[PDB]
Amino acid sequence: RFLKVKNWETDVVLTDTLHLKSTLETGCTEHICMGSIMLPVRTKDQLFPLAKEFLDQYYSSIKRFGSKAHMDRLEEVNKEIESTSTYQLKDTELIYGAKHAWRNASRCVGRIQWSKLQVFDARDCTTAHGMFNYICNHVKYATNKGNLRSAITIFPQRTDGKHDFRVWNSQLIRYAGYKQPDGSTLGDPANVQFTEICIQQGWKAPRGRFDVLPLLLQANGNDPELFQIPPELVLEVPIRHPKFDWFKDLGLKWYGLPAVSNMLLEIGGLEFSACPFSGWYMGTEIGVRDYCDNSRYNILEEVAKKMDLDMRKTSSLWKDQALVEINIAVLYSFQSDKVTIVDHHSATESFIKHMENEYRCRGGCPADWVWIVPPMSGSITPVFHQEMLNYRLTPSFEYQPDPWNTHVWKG
Amino acid sequence: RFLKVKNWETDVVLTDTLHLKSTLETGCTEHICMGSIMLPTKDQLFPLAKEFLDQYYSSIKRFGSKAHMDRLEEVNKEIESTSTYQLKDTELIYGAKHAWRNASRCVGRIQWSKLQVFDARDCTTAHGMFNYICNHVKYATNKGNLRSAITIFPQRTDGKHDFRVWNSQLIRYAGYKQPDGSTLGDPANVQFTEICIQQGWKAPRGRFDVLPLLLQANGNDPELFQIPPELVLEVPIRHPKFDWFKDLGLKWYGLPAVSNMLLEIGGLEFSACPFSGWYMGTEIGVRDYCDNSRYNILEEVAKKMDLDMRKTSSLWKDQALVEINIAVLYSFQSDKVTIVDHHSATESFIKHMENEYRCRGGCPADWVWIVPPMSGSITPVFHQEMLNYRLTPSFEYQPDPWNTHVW
Ligand code: HEM
Ligand code: HEM
Ligand SMILES: CNCc1cc(OCc2ccc3ccc(N)nc3c2)ccc1Cl
Ligand SMILES: CNCc1cc(OCc2ccc3ccc(N)nc3c2)ccc1Cl
Ligand SMILES: C[C@H](O)[C@H](O)[C@H]1CNc2nc(N)[nH]c(=O)c2N1
Ligand SMILES: C[C@H](O)[C@H](O)[C@H]1CNc2nc(N)[nH]c(=O)c2N1
Ligand SMILES: [Zn+2]
């Protein structure tokens, strides 16, 4: 079964045959589409087919399908599964799996970069302190004095699910939030709950509007521990605007390294509950979401005020005006400090090229339109007019519940 | 199976039960989501009719009543006898208001019940059609105080006699292929502007020439008609801050009146059913002016603003885009023509969602189409989870008439 997708600005039409390799479900049925829903212990019984399928994929990519190298690996993994109830990935296999999870991420606009991914094998890690060491190295390498490099660090896979390695933070670097008695929030509203945990776990909080949270790390299913990232490793950028000299006086900064640390990496049926990975920011992540979402730093009002905007009727589009300026500032500040960042036009254009290339070379490129289209100026980026097919391939990055909701406390 | 939707900006949760009444299909499966794809007999007809009449008599609190059963019987008889049937005016009105209500891509549905239905089922000719349309245009325009309306021409019979309005909107600007290679007027209407010329229209070859009407009655060849200019309200576009704006020579028409869709009620197919409301600002400003495949005025506007167009990261496309959309809203408001901004409209739609969840048990919505084409995440709909499914009565798409019409 072939499937065509069309781009209504260029009339370019592409055919998908890759969706036939799709395993997991979408949340959708013939009678309901849930494409806008945000969030729609494993036995040997189901493990080996996942192993085989994965290993068949792997040996195809290295062009050794059916070889003795292929077959003996299957034989090896097989035996290890019924003997030990799990199995270990070779280094080559781990690397492949990670890159491909990235490549399979249907919600990711940055996947043109997927082949260049520095994989750090942290599978020999046994403790929280060990975790801290690995993570510090990750940051230092990834940051690279502002010239950011994609990377992922991979901690021990899940076994019986009672011995999970988890990074409790949603991103390695992120600013504290503090609900005040009066109801106002200080710092980042997104991280209030996590800050409370951290504070409870012993963290002494500076209580400023921009405090870098401590790492909260759990190894082998033990109670998580706190660690301060050395400040010298945390690259931040003061936000200024090129024309408005009062912008700097708003006192905004942001960190340079987006490093997501709460997702689950699945490869050949193996689950990696701690797999922090990092790239570089698209400006609208900071400029549109981080500053301008109502449930976040919410500076729209103050920026609009300082710009003397007609804030009386929304039909003055003051909100829209202030948003654009804030995004201009974010990009200007990062480029001025030589810290890698991409604007939303550049990134969406790159993605379209990537995707075209993926259809030609791979038979498709699963993509979630709801997530790919940037949160401002949608229709003036080329992805808005791009039809996209959404489906799920393994290896994949998956959501997993907040560890504080599931963890069994020792003492 | 009793689905929940969450707004991630306000933590509001609504439970959807209304989807379980869904009749048509989505294009999606458990293996593939197609939510971003633009367009995925006597025995057939009675079930369809019964479902409609069931919901109608339920809506008037007469479910299972004698009147219900009597009507169900009467229609059942007519179908057996005539291989079709006719809607009582009340059913027709109910069905139209509900097809709008069920339009999952429409951000405007808060207004759904205040729709004026003009029954044009007695119409027989294209001339008759023209008269009905003129009347619709004048009622709806209402000197700039726009009112929603739909005019419904005879339903389909045997497919050989359909009524069709060939224009996609009653009012749209012509577009012509320049020898110089580019495009003058509206590029989206080039083939139609040709077909009108190709059918005898005398194009003034301008930039904003109102297209003529191509009306087809009873499966006949379509006829040309000019809307009386005094009925076409237009708005010159000026910026409230930039005086140079006026010299770009831009205007737009006030009445958005979609005319190429098929209205389906109780299994019957109204292939000619032009309807109209009022514009959300972005429809003209973001889409009609700045889409590359349209009037694409972005570059030129930005130039007038002397923005750094050397690198994409100066966000100059974004800056201009806002100003353009400010001007559109400013012009319409100043000339007292009804228009809504995307902040106001989306806010209303969330409130309308609330209402439909409460009073009806849900509200089908297509996020890809509800979220405006600019400033997406600073509108409430962006963080609003939605469920998409298809209820009847509905507006469906239908092929362009030329591709089908037996001449
Ligand atoms: C290097 C440059 C990259 C850019 C510019 C980029 C950009 C983005 C953006 C903007 C999102 C949506 C975020 C949001 O607004 O919520 C996203 C999603 C995502 N990215 Fe990328 N990304 C990059 C690299 C990576 C890397 C290195 C990985 C992993 C190896 C990755 C994996 C993902 C995944 C799994 C999602 C889905 C988020 C979810 O499902 O919640 N990305 N990307
Ligand atoms: C009264 C004010 C109204 C507003 C502000 C409004 C707004 C909108 C907008 C912005 C769209 C997206 C269209 C696009 O971007 O091309 C849309 C689609 C739609 N509207 Fe509404 N509308 C209004 C009235 C109506 C009326 C009176 C009807 C029918 C009786 C209607 C039925 C529809 C349908 C069926 C669609 C989607 C068509 C499709 O499936 O492609 N609307 N509307
Ligand atoms: C269910 N919520 C999804 C969600 C995903 C998130 O991860 C987004 C994400 C993931 C990987 C990224 C990699 C690079 C980059 N520049 N941004 C990236 C952004 C963040 C917040 C939320 Cl709320
Ligand atoms: C650019 N949009 C494409 C498209 C629009 C369509 O109708 C848009 C439409 C329909 C009804 C409307 C009613 C009011 C209004 N302001 N806009 C309205 C816009 C139908 C099919 C397609 Cl493919
Ligand atoms: C590719 C995508 O399906 C297509 O461009 C859609 C996206 N969302 C839209 N939304 C509206 N309101 N109108 C449109 O024409 C479109 N186009
Ligand atoms: C309800 C909806 O799915 C949700 O708000 C999505 C919309 N699109 C998004 N797109 C990006 N890039 N990031 C997001 O968090 C979201 N949120
Ligand atoms: Zn779907």
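Residues numbered from 1 in each chain as written, not as in the entry; some residues may be left out. Chains lettered and ligands numbered in written order. Heavy atoms only, no water.

In its metadata, the entry names X-ray crystallography as the structure determination method and reports 2.050 Å as the resolution.

Participant: Would you take a moment to explain the pattern of salt bridges for this structure?
Facilitator: Close approach of charged atoms allows side chains of opposite charge to pair. Tallied over the entire structure, the rule returns 45 salt bridges over all chains. Between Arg 71 of chain B and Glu 74 of chain B there is a salt bridge, with its nearest N and O atoms 2.8 Å apart. Of this pair, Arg 71 of chain B and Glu 74 of chain B both sit in helix α2 (residues 66–82), three residues apart, roughly one helical turn. The closest approach of N and O atoms between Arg 121 of chain B and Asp 119 of chain B, which form a salt bridge, is 2.8 Å. Residue classification places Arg 121 of chain B among the buried residues on the basis of a relative accessible area of 17%. Linked by salt bridges that have partners in common, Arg 42, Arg 158, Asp 164, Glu 266 and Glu 271 of chain A make up one network. (Salt bridge = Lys/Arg side-chain N within 4 Å of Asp/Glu carboxyl O. Helix = DSSP H or I, 4+ residues; strand = E, 2+ residues; numbered from the N terminus. Buried < 20%, exposed > 50% of the residue type's maximum accessible area, 1.4 Å probe, protein only.)

Participant: Would you explain the sheet that holds strand β16 (residues 394–396) of chain B in this entry?
Facilitator: Where strands meet in a sheet, backbone hydrogen bonds hold them as pairs that are either parallel or antiparallel. Residue and element names in this part refer to chain B. Sheet architecture is open: three strands sit in the order β14-β13-β16, paired in antiparallel fashion. Strands with a single pairing partner mark the edges of an open sheet, and in this sheet they are β14 (268–270) and β16. Averaged over all adjacent pairs, the angle separating strand axes in this sheet is 30°, with direction ignored. (Pairing = 2+ DSSP bridges. Axes fitted to C-alpha atoms, helices over the stretch in contact; angles between N-to-C directions.)

Participant: It is not clear to me how the nonpolar core should be interpreted in this structure. Could you clarify?
Facilitator: A general feature of soluble globular proteins is that nonpolar side chains tend to end up buried together. Counting residues in each nonpolar core, the largest one holds 123 residues, and the members touching the most others are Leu 217 and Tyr 291 of chain A together with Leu 215, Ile 237, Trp 252, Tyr 289 and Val 301 of chain B. Ignoring sequence-local partners within four residues, the contact set of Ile 237 of chain B consists of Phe 245, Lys 246, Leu 250, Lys 251, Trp 252, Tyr 289, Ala 327, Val 328, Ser 331 and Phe 332 of chain B. (Core = buried A, V, L, I, M, F, W, Y, C linked by side-chain atoms within 4.5 Å. Contact = heavy atoms within 4.5 Å.)

Participant: Sorry if this is basic, but what is going on with the interface of chain A and chain B here?
Facilitator: Interface extent is often summarised as the accessible area lost during association of the parts. Between chain A and chain B, the residue contacts involve 61 residues of the former and 64 residues of the latter. Taking both partners together, chain A and chain B bury about 5,200 Å²; carbon and sulfur atoms supply 61% of that area. Joining chain A to chain B, the criterion identifies 32 residue pairs in polar contact. No other element matches helix α8 (residues 318–336) of chain A, which puts ten residues into the side of chain A that touches chain B. For the side of chain A that touches chain B, the residue count by class is 27 nonpolar, 24 polar and ten charged. (Buried area = accessible area lost by both parts, 1.4 Å probe. Polar contact = N/O pair within 3.5 Å; in protein donor to acceptor, adjacent residues only side chain to side chain. Nonpolar A, V, L, I, M, F, W, Y, C, P; charged D, E, K, R; others polar.)

Participant: I'm lost on the domain arrangement of chain A in this one. Help?
Facilitator: All names here are of chain A. Each assigned domain of chain A is listed with its residue range as follows: domain 1 (16–123 + 150–160 + 264–278 + 348–372), domain 2 (124–149 + 164–235 + 399–403) and domain 3 (236–258 + 281–346). Spacing between the C-alpha centres of domain 2 and domain 3 amounts to 24 Å. Contacts between the two partners involve 20 residues from domain 2 and, on the opposite side, 17 residues from domain 3. Between domain 2 and domain 3, roughly 1,700 Å² of surface is buried when both sides are summed, and carbon and sulfur atoms account for 56% of that area. Taken as a group, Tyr 175, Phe 210 and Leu 235 account for 36% of the area that domain 2 buries against domain 3, more than any other trio of residues on that side. Taken together, the links from domain 2 to domain 3 amount to one salt bridge. (Domains from an automatic or database assignment.)

Participant: Quick question: what am I supposed to make of the coordination of the iron atom of ligand 2 here?
Facilitator: Octahedral metals with six donors have ideal donor angles of 90 or 180 degrees. Tetrahedral metals with four donors have an ideal donor angle of 109.5 degrees. Looking at the protein side alone, the iron atom of ligand 2 has one donor only, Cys 106 of chain B (SG), at 2.3 Å. Following the sequence through the fold, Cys 106 of chain B ends up in the loop between α3 (89–101) and β3 (116–119). (Donors = N, O, S within 2.8 Å, 3.2 Å for Na, K, Ca; no water.)

Participant: I tried to follow the coordination of the iron atom of ligand 1 on my own but got confused; where do I start?
Facilitator: Coordination of the iron atom of ligand 1 by the protein comes from a single atom, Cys 108 of chain A (SG), at 2.3 Å. The residue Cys 108 of chain A is located in the loop between α3 (91–104) and β3 (118–121) in this model.

Participant: It is not clear to me how the site of ligand 2 should be interpreted in this structure. Could you clarify?
Facilitator: All names here are of chain B. The immediate surroundings of ligand 2 are formed by 17 residues, with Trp 100, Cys 106, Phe 275, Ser 276 and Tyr 397 found nearest. At 2.3 Å, a side-chain N or O of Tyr 397 approaches an oxygen atom of ligand 2. Grouping the constituent residues of the shell around ligand 2 by class yields eleven nonpolar, four polar and two charged. (Near = heavy atom within 4 Å.)

Participant: Help me understand the site of ligand 1, please; the structure alone is not making it clear to me.
Facilitator: Residues and elements named next belong to chain A. Surrounding ligand 1, one finds 16 residues, the nearest of these being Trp 102, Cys 108, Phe 277, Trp 371 and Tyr 399. Between ligand 1 and the protein, one listed contact pairs an oxygen atom with a side-chain N or O atom of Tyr 399 at 2.3 Å. Counted by class, the shell around ligand 1 contains ten nonpolar, four polar and two charged residues.

Participant: Whenever I open this one, the pairing of strand β8 (residues 215–218) of chain A confuses me. Can you help?
Facilitator: Regular strands place side chains that alternate from one sheet face to the opposite one. All names here are of chain A. Residues of β8 alternate between two faces, with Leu 215 and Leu 217 on one and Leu 216 and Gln 218 on the opposite face, all of them buried. Pairing between strand β5 (residues 166–167) and β8: two bridges, direction antiparallel. Each bridged residue has a counterpart across the sheet, and for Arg 166 the counterpart in β8 is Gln 218. Relative to strand β9 (residues 225–227), β8 is paired through three bridges, and the arrangement is antiparallel. In the sheet register, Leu 215 faces β9, and the bridge partner there is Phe 227.

Participant: Mind showing me how you'd approach the sheet that holds β9 of chain A here?
Facilitator: Residues and elements named next belong to chain A. Reading across the sheet, the three strands line up as β5-β8-β9 and stay open at both edges, with antiparallel pairing between neighbours. This sheet does not close on itself; its edge strands, each paired only once, are β5 and β9. Sheet strands in contact with helix α4 (residues 128–143) are β5, β8 and β9, and its direction is about 130° off that of β8.

Participant: Where do I start with unusual backbone geometry in this structure?
Facilitator: Note that the residue after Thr 394 of chain A, namely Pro 395 of chain A, is joined by a cis bond; omega there is -5°. As for its position among the elements, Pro 395 of chain A is in the loop between α10 (369–372) and β18 (396–398). A cis amide bond links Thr 392 of chain B to the next residue, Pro 393 of chain B, at an omega of 0°. In this fold, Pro 393 of chain B is placed in the loop between α10 (367–370) and β16. Phi at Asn 144 of chain A is positive, roughly 50°, even though this residue is not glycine. Along the chain, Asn 144 of chain A turns up in the loop between α4 and β4 (151–154). For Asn 144 of chain A, a relative accessible area of 24% corresponds to the partly exposed category. Within the chain, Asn 218 of chain B stands out as a residue other than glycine whose phi angle is a positive 50°. Tracing the sequence through the fold places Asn 218 of chain B in the loop between β8 (213–216) and β9 (223–225).

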